[PDB]
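The chains referred to below are lettered A, B, ... by the order of the sequence lines, with proteins before strands, and numbering in each begins at 1. Counting starts at 1 for both ligands and their atoms, in listed order. Side chains included, hydrogens not; waters and symmetry mates left out as well; all remaining heavy atoms used.
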Amino acid sequence: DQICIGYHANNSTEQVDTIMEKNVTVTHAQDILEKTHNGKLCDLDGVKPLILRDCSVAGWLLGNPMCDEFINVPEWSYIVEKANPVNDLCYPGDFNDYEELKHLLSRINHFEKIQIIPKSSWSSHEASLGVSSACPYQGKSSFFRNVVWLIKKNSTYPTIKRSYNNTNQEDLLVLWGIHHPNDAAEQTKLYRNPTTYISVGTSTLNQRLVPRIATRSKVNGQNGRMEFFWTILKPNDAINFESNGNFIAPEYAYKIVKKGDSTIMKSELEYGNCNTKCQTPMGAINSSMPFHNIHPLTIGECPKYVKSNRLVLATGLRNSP
Amino acid sequence: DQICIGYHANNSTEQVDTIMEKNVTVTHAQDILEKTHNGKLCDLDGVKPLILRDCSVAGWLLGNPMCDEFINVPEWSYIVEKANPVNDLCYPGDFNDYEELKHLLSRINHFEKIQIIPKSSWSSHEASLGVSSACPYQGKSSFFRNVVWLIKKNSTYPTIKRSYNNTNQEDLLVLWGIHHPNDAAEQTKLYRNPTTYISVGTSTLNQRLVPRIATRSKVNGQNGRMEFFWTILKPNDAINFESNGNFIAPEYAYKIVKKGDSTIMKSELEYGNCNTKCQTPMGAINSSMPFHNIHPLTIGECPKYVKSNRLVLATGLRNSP
Amino acid sequence: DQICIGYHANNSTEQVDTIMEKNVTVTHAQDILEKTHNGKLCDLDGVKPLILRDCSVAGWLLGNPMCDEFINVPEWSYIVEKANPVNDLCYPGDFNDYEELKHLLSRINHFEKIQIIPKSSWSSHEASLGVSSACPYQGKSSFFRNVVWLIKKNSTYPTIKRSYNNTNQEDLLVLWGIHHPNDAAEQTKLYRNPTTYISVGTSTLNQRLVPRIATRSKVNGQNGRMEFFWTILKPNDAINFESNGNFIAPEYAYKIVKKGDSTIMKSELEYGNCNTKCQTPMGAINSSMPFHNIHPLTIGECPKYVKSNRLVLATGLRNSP
Amino acid sequence: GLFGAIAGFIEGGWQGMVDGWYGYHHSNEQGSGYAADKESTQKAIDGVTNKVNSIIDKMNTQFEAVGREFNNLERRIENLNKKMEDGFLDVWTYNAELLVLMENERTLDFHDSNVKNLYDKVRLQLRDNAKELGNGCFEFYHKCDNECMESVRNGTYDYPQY
Amino acid sequence: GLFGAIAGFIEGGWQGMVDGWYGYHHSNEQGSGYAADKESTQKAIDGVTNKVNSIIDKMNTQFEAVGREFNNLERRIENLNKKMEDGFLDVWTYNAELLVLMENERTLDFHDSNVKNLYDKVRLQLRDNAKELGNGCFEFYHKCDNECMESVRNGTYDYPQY
Amino acid sequence: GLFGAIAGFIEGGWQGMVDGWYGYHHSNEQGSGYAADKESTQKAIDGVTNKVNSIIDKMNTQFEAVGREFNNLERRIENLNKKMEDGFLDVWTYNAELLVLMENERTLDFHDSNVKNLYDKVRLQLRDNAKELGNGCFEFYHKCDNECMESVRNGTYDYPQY
Ligand SMILES: *[C@@H]1O[C@H](CO)[C@@H](O[C@@H]2O[C@H](CO)[C@@H](O[C@H]3O[C@H](CO[C@H]4O[C@H](CO)[C@@H](O)[C@H](O)[C@@H]4O)[C@@H](O)[C@H](O[C@@H]4O[C@H](CO)[C@@H](O)[C@H](O)[C@@H]4O)[C@@H]3O)[C@H](O)[C@H]2NC(C)=O)[C@H](O)[C@H]1NC(C)=O
Ligand SMILES: *[C@@H]1O[C@H](CO)[C@@H](O[C@@H]2O[C@H](CO)[C@@H](O[C@H]3O[C@H](CO[C@H]4O[C@H](CO)[C@@H](O)[C@H](O)[C@@H]4O)[C@@H](O)[C@H](O[C@@H]4O[C@H](CO)[C@@H](O)[C@H](O)[C@@H]4O)[C@@H]3O)[C@H](O)[C@H]2NC(C)=O)[C@H](O)[C@H]1NC(C)=O
Ligand SMILES: *[C@@H]1O[C@H](CO)[C@@H](O[C@@H]2O[C@H](CO)[C@@H](O[C@H]3O[C@H](CO[C@H]4O[C@H](CO)[C@@H](O)[C@H](O)[C@@H]4O)[C@@H](O)[C@H](O[C@@H]4O[C@H](CO)[C@@H](O)[C@H](O)[C@@H]4O)[C@@H]3O)[C@H](O)[C@H]2NC(C)=O)[C@H](O)[C@H]1NC(C)=O
Ligand SMILES: *[C@H]1O[C@H](CO)[C@@H](O[C@@H]2O[C@H](CO)[C@@H](O[C@@H]3O[C@H](CO)[C@@H](O)[C@H](O)[C@@H]3O)[C@H](O)[C@H]2NC(C)=O)[C@H](O)[C@H]1NC(C)=O
Ligand SMILES: *[C@H]1O[C@H](CO)[C@@H](O[C@@H]2O[C@H](CO)[C@@H](O[C@@H]3O[C@H](CO)[C@@H](O)[C@H](O)[C@@H]3O)[C@H](O)[C@H]2NC(C)=O)[C@H](O)[C@H]1NC(C)=O
Ligand SMILES: *[C@H]1O[C@H](CO)[C@@H](O[C@@H]2O[C@H](CO)[C@@H](O[C@@H]3O[C@H](CO)[C@@H](O)[C@H](O)[C@@H]3O)[C@H](O)[C@H]2NC(C)=O)[C@H](O)[C@H]1NC(C)=O
Ligand SMILES: CC(=O)N[C@H]1[C@H]([C@H](O)[C@H](O)CO)O[C@@](OC[C@H]2O[C@@H](O)[C@H](O)[C@@H](O)[C@H]2O)(C(=O)O)C[C@@H]1O
Ligand SMILES: CC(=O)N[C@H]1[C@H]([C@H](O)[C@H](O)CO)O[C@@](OC[C@H]2O[C@@H](O)[C@H](O)[C@@H](O)[C@H]2O)(C(=O)O)C[C@@H]1O
Ligand SMILES: CC(=O)N[C@H]1[C@H]([C@H](O)[C@H](O)CO)O[C@@](OC[C@H]2O[C@@H](O)[C@H](O)[C@@H](O)[C@H]2O)(C(=O)O)C[C@@H]1O
Ligand SMILES: *[C@@H]1O[C@H](CO)[C@@H](O[C@@H]2O[C@H](CO)[C@@H](O)[C@H](O)[C@H]2NC(C)=O)[C@H](O)[C@H]1NC(C)=O
Ligand SMILES: *[C@@H]1O[C@H](CO)[C@@H](O[C@@H]2O[C@H](CO)[C@@H](O)[C@H](O)[C@H]2NC(C)=O)[C@H](O)[C@H]1NC(C)=O
Ligand SMILES: *[C@@H]1O[C@H](CO)[C@@H](O[C@@H]2O[C@H](CO)[C@@H](O)[C@H](O)[C@H]2NC(C)=O)[C@H](O)[C@H]1NC(C)=O
Ligand SMILES: *[C@@H]1O[C@H](CO)[C@@H](O)[C@H](O)[C@H]1NC(C)=O
Ligand SMILES: *[C@@H]1O[C@H](CO)[C@@H](O)[C@H](O)[C@H]1NC(C)=O
Ligand SMILES: *[C@@H]1O[C@H](CO)[C@@H](O)[C@H](O)[C@H]1NC(C)=O
Ligand SMILES: *[C@@H]1O[C@H](CO)[C@@H](O)[C@H](O)[C@H]1NC(C)=O
Ligand SMILES: *[C@@H]1O[C@H](CO)[C@@H](O)[C@H](O)[C@H]1NC(C)=O
Ligand SMILES: *[C@@H]1O[C@H](CO)[C@@H](O)[C@H](O)[C@H]1NC(C)=O
């Protein structure tokens, strides 16, 4: 008669690593690393992202005629932009402090576009001929929809002195610009005055832009350049414009109605018709694992990213052969 | 007759955590995390901090008339500034490279103010009417005490050509500025000349400032703006000014006599009449613990900051009930 | 008769540390930290570094006459520059975006210098008298070899309108500059025209430089200043110059033929006539250790840097006395 | 393993013991079979469960990367940003992988220890009333029927009675 | 615990043993009482003390945050700065908390091991001159007076004499 | 050590045992000598070797500093860069030093455990055919010649034969 002491074995082939031994077969183990995703861009807890598709943030905000899909976009959870969107600045140039603005958008979930300087209210200047073949719409020469390219009227460009007041409660994103013409002849042809400027003032801002003449390469068929600028106009503050040529005036500006958690995600993927609590640039994640290895840039309630291929904890004991 | 082997127990209720078990009662333990502070701003090893109170670094350095307490401050250990000091730039404007200067102060413990261009030595310009209602002192219009706001004398502003030489052994902090008037009428009213400049030169510096006219919002009752600039003048080097208007000239500059460990601390607290070897923005620390959890930004010989609520090491053994 | 169980001892004096006990003598141990280097700068897998010796990156690239050793340098593995090279900008001034350019060099292993605007091709301007005593060569006044300092010819400086086209396959580093004269008399003496500019245009670039007059300290005997600028000219893109004075024109530019892993190392050491797979600023490393403590900035296949004085793993067991 | 029981003096585990991690096998005239030791098994389940949760909990506060863009003349800070992000990922990857390796070793040893202690608990009861065979088993000098066997598992084996 | 002694085959500690972490209790015709084992106790005090100092020392070189300010158009690098500072605090917080959890486990097991070894040291002396009761105690076959008891604590218990 | 064998009940190691980490010494009428236990020795060499490689491997992906220069008015980001670089070096220095301290402790204990288990393997064979002396040795009740000794090292010591 005997009594023996012993331990459990089973048919398990699960393996764990240790410092002194790799591939130890154990009776039970627990994987803690999520390796799968759905490969789609999804709504984040019901709230759909802004998918700019072929438009860039600049094309969207300035109102590139090719980006009319985004003329009035609802509240978003995150933003998705391709690596090299084709519809950026149709008319060539620069967007000043562009990256600082994009960073500002990571704290914004909703814009409401409003009209601050009506197109018709330009009585001493021509405001309906500010177009170019570089920004076509339906086969015709058009232009950035949110700013007005003003030119001389009856052979004169009188000094502009406009002011807008932020009466509404929400911070306002105001966008304007300046045209750099190709030569002295083009300058007088469009604006009469040879030496011009645009002065912009707010509570904080004290700007004075001057056009910069230069022989330049053609880009999208244009020699001229457009340099765009922006500011955040506080509540109860007024923006003050003064110019005698080359002024690209604001028509529409954006109210910042919702602030909060957001991000600009770089991805070539389109919309997936899908929902998730955790999103990455290559697909959404749905699991209870404490870790994943899909991609470091996530948004939502996510597991923690690690660069491992495998994380498996032993729970049971060394299994017998 | 028997002999038994055993171990110590006592009345201890101290608890430690382990990976497999929480709240294990042990006979002895050692807390290693400091959780308390005195809630005061204190001298650091005898050396009192510079407590700017309602003044900012700019108000202090430029000599805002409300900041006369700090007209000649002794050596400090660290600097304490509120989050939003009221006495900053009384006359509205900007302070150029302000954050880079504040960073420079974290390596400075003592300034000695000296006179480089006497106020009386301006014989061809009016130097005693450079005042504003925005910078009041005792009910009267005054101005930043360390710089001279020069205006036309007997209806003329002749070109200024001044030079100062750093003969003394210590690097010199020189501060000047430029006035941006509201309109063309104000420009001629103060400075005669319509188009003006300020050119500044040192061994390295090659600056040319031009005023920027613009209709602007009123700030502290002023339309005009002041933009201030600075430089570090090496020993044996000369700073060269040339201007024909809008020049805010240096009167007093600061010698950098003591360099060393310092910091600018953000805190609403005032002076505590106290001494310590370790200071945080919410109070001083006096303990032998290797860790604390009060605040990450400290100065002095401090424990290491962690975000824990509790760090307790077992020394003794598992206590019996 | 007996049988005993026991373990190995030997004459070893090797010691390892543990959490509870320091300096435990063990039968066997394995050092894992490399502490030695050869104290020399060496070839990296056969490929010699660029050792600028007394020249800086600016002196080398602009073609400081004292830096003729580096007029045509072969492919390098890494670059070595002293902390304060004497031969930098012989004629005083600035090098714009200098640090961003140096960062660009850490991704470059080979330049091939080519001629883009021949010196002789300046038919309306004097191009052979653009020299200074600050940049001597063999006792005579010379100048940066890669750029041409143009001055008036027969009492006139007509407007310059030059263009270069990047026909070759490789990105091109183009360097130019602008002269800031001491006074209005010097301006007319060299360039006739009192008010001048240099406008530069590419696909992206839209620059307009204006000289800045100012009384300045003498540096290397000069009152004037030279401010140098640069750009990367893409393939199939053209750079467009226009100026009427103060223009320091490109003669030679650099083709970027090899991109890849490189670095700029700060070191006072000269060439060691040596080879290695791992290099540091104070000497090369040759070992199989997983760690070293020589210096954090290395290049090549190196061990990992730690700040330890000692890392020794126990392999054997506690040795008996 | 460190404690010598699992795949040591006990050569292998038991496919036949289904209801616990550790336990007993008995053999007498009435028959034979397996019985799980509830107490040691449950102590093991609690320890391993606390461990897993402890591991998950400690890694819950960890670096999260965010998107930042930089223009063509901000390459230095772009590179700084890249190296910072990557640096923290490498630190956390190391932390996770090492914790798993280290605690897997401790978990396997923990089980070995629980088996060894169970074997000793029984050895200390039987004392000289049974031959210690050397393989996990004790061979009795007296007939040990099922209630005798139960008493050994009880902790109640009345030594003086035999 | 891993070694089976503390709250294992020795059910609980002794309020009565004041002058050491581990020791002996004896009972005979002359009386009874506790005696601390100086050597094992002092080895324990040295180990735990070295551990604490080792922990303190390793954490002495650790990240210190510094104040840096940024203007309204330097938000990206301000954010970079914030994430860097926070990242290191999270790393060091993790390191501290984990070290404490791990070494607390090792410290408790260390004590258990010292008790187990002390029990074995005595077991290996007495051999067959005493009944191993199963609870930390040995019951002698001969009368063991106080000097007999002292010899067991000595390491000198003359086995052949009994 | 935790397992009580090395510099515990076995006072010291053997200069005379050259061909292994652990083994046997025998003494009888025919003579005496040392013999290494191949199996436990080789298990030890494999474990320590895997450990070293595991340590080397885990530290292979670690922060590498790069040169970045900044002008006189970029002191803030220069400082940010410095603090980032240094921060990671301090983290990796800590990781390396702690891993070495912790695993050195585990390695020493591992050896102690292997010795203890070897001693138990032999104890469980001899059972009552030998006096357990208390110092690592077993004194036989019968004459044990060299082939008798070999059988103890074998794992084959025929207990019932004696
Ligand atoms: C700096 O100089 C460079 C090099 O000279 C300039 O780039 C060149 O610009 C010229 C125009 O100024 C272009 O000319 C033409 O070439 C294309 C070639 O088309 C195909 O064939 C070639 C085979 O050699 C192949 O390599 C190309 O990839 C391509 O498949 C012509 O097609 C084009 O003519 C077109 O004809 C079509 C109908 O036939 C029309 O619809 C089009 O509208 C168009 O007129 C044209 O004649 C060069 O292609 C171009 N690149 C070279 C030579 O490598 C560069 O522009 C200049 N810089 C600046 C800023 O201008
Ligand atoms: C862009 O437009 C906005 C909106 O119009 C401008 O802000 C507004 O500026 C005007 C002056 O141009 C201010 O007018 C007055 O309003 C205050 C209100 O005082 C109290 O009552 C209201 C109740 O509606 C309450 O909301 C306020 O919070 C406050 O408690 C008057 O007190 C003030 O008159 C004063 O009278 C005092 C004696 O009675 C005097 O001592 C004072 O010196 C002063 O004269 C004045 O009449 C608006 O308050 C102001 N905000 C609004 C309407 O929301 C903004 O200035 C403009 N931009 C720029 C750059 O100018
Ligand atoms: C701001 O003002 C400062 C202070 O005045 C200017 O620095 C000073 O500049 C002057 C010239 O403007 C220099 O004058 C001379 O001094 C040196 C001194 O030489 C030795 O002796 C002194 C002892 O007092 C010692 O401290 C020095 O270190 C040195 O060993 C003269 O040698 C020099 O004259 C030379 O004579 C040589 C033949 O004898 C010639 O070959 C040389 O070419 C040269 O003519 C000269 O007379 C001061 O040295 C200098 N520093 C002072 C006084 O501390 C500074 O220049 C100004 N700023 C700007 C931007 O100009
Ligand atoms: C663990 O197991 C032992 C042995 O199996 C238990 O002892 C046995 O306990 C049972 C149930 O209490 C006893 O049954 C009783 O029998 C008497 C007369 O035979 C009867 O009057 C009662 O109604 C009941 O049926 C049994 O006698 C007893 N046998 C022995 C040998 O002890 C013990 O209770 C268990 N202990 C623990 C801590 O689980
Ligand atoms: C540990 O304890 C044992 C037993 O208590 C010690 O042995 C005893 O040691 C004492 C003191 O040395 C002896 O006392 C001596 O007695 C003789 C004659 O009786 C006398 O001539 C001496 O002046 C002295 O008083 C005692 O005899 C002795 N007894 C026995 C049974 O051994 C032992 O010394 C201790 N060993 C260690 C390592 O601490
Ligand atoms: C471990 O050691 C034991 C004892 O040394 C081994 O047993 C011995 O094995 C040898 C070699 O196989 C035997 O030798 C044989 O002897 C017989 C007759 O004497 C002869 O017919 C054969 O040709 C051979 O020479 C020896 O008898 C035997 N002795 C005993 C006492 O068992 C055993 O084989 C070893 N086991 C292992 C697992 O290594
Ligand atoms: C408001 C206005 O003047 N629009 C013009 C525009 C501007 O004058 C010019 O872009 C300013 O730099 O120029 C347009 O013509 C230029 C255009 O001419 C085509 O024939 C050709 O296809 C193109 O290469 C280009 O040179 C323009 O389309 O942009 C006309 C527009 O009405
Ligand atoms: C040196 C000088 O000219 N000081 C003037 C000052 C400047 O002319 C002006 O600030 C330049 O921009 O203007 C002062 O008057 C402006 C002031 O007028 C008050 O009536 C009113 O209370 C204010 O709103 C403001 O418009 C000034 O006080 O700043 C007078 C000063 O002497
Ligand atoms: C192209 C040209 O004009 N070269 C001149 C040069 C420039 O005019 C000047 O640097 C522009 O700022 O000036 C040179 O003379 C200046 C020189 O005079 C010496 O006598 C003296 O030794 C120096 O201190 C310095 O003032 C020059 O050498 O740079 C002459 C050169 O030909
Ligand atoms: C541990 O087991 C894993 C099995 O997953 C081994 O990994 C594979 O090794 C084979 C070599 O025969 C390769 O062909 C495969 O590519 C590997 N697969 C993966 C997913 O890594 C691993 O080699 C084993 N390690 C040790 C030390 O034995
Ligand atoms: C370990 O004990 C601590 C006691 O400090 C427990 O923490 C408290 O838990 C109670 C729940 O009854 C809460 O109401 C308190 O707010 C907690 N206090 C603190 C300071 O945390 C803890 O819950 C216990 N943990 C476990 C796993 O048993
Ligand atoms: C462990 O041993 C080392 C020997 O390398 C000791 O380090 C030396 O300590 C002496 C003190 O007598 C100093 O004078 C030397 O400068 C030390 N040398 C080095 C390289 O550090 C160390 O002190 C010992 N540590 C302990 C705790 O005993
Ligand atoms: C392994 O055994 C389990 C019993 O727990 C059973 O559910 C499963 O079907 C078996 N699988 C294989 C492959 O034998
Ligand atoms: C998430 O995955 C689980 C699998 O555990 C699945 O049952 C469930 O459908 C998924 N939930 C969502 C919201 O996609
Ligand atoms: C606990 O016991 C200690 C003896 O070490 C004594 O000093 C203390 O007063 C006691 N405290 C309580 C609450 O019993
Ligand atoms: C620091 O705290 C200790 C308590 O340990 C106290 O005795 C002492 O007064 C304090 N020292 C100072 C300088 O405040
Ligand atoms: C130590 O012993 C080894 C044998 O492994 C021998 O090679 C060496 O010469 C000896 N060294 C000393 C200093 O005794
Ligand atoms: C590297 O060091 C080894 C020493 O292990 C030496 O034998 C060899 O010559 C060295 N190799 C080179 C390429 O310098």
Name the closest protein heavy atom to [atom], giving the residue it belongs to and the distance to 0.1 Å.
atom	result
atom 60 (C) of ligand 2	B:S217 OG, 3.2 Å
atom 26 (O) of ligand 9	C:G221 O, 3.6 Å
atom 16 (C) of ligand 9	C:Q222 OE1, 4.1 Å
atom 2 (O) of ligand 2	A:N165 ND2, 2.2 Å

C:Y98: which residues meet the ring-ring contact (aromatic ring centres under 6.0 Å, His included) condition with it, sequence neighbours left out?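 Residues passing ring-ring contact (aromatic ring centres under 6.0 Å, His included) with C:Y98: C:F95.
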Pairing residues for C:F143 by the ring-ring contact (aromatic ring centres under 6.0 Å, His included) criterion, not counting sequence neighbours: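 For C:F143, the residues satisfying ring-ring contact (aromatic ring centres under 6.0 Å, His included) (neighbours in sequence not counted) are C:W149.
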Every pair of nitrogen or oxygen atoms between ligand 16 and the protein that is under 3.5 angstrom apart - can you list them with their distances to 0.1 Å?
unit_1	atom_1	unit_2	atom_2	d
ligand 16	2 (O)	B:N286	ND2	2.3
ligand 16	11 (N)	B:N286	ND2	3.1

Under 4.0 Å, heavy-atom basis, I'd like to know which part of C:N182 is in contact with ligand 9: side chain, backbone, both or neither.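 The answer is neither.
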Under a 4.0 Å heavy-atom limit, does C:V131 contact ligand 9 with its side chain, its backbone, both, or neither?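 It is the backbone that touches ligand 9; the side chain stays farther off.
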Who are the side-chain hydrogen bond (donor to acceptor under 3.5 Å, both in side chains) partners of C:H179, not counting sequence neighbours?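 If we apply the side-chain hydrogen bond (donor to acceptor under 3.5 Å, both in side chains) test to C:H179, skipping adjacent residues, the hits are C:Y91, C:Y191.
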Element-labelled atoms of ligand 9 that are located less than 4.0 Å from some non-hydrogen atom of C:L129: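 Within the 4.0 Å cut-off of C:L129, ligand 9 contributes 1 (C).
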Return the minimal non-hydrogen interatomic distance between C:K152 and C:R192, and the atom names on each side.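 The answer is NZ-NH1, 3.7 Å.
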Are any non-hydrogen protein atoms located under 4.0 Å from atom 30 (C) of ligand 9?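 Within 4.0 Å of atom 30 (C) of ligand 9, no protein heavy atoms are found.
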Measuring from the heavy atoms of A:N236, does anything fall under 4.0 Å of ligand 2?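 The answer is yes, since A:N236 has a heavy atom less than 4.0 Å from ligand 2.
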Are B:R310 and B:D31 within salt-bridge range, i.e. N to O under 4.0 Å?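 Between B:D31 and B:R310 there is no salt bridge, as every charged N stays at least 4.0 Å from the carboxylate O atoms.
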Is the shortest side-chain N to carboxylate O distance from C:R145 to C:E251 below 4.0 Å?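 Salt bridge: no.
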Within the structure, does C:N223 bring an N/O atom to less than 3.5 angstrom of an N/O atom in ligand 9?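 Among all N and O atoms of C:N223, none is under 3.5 Å from an N or O of ligand 9.
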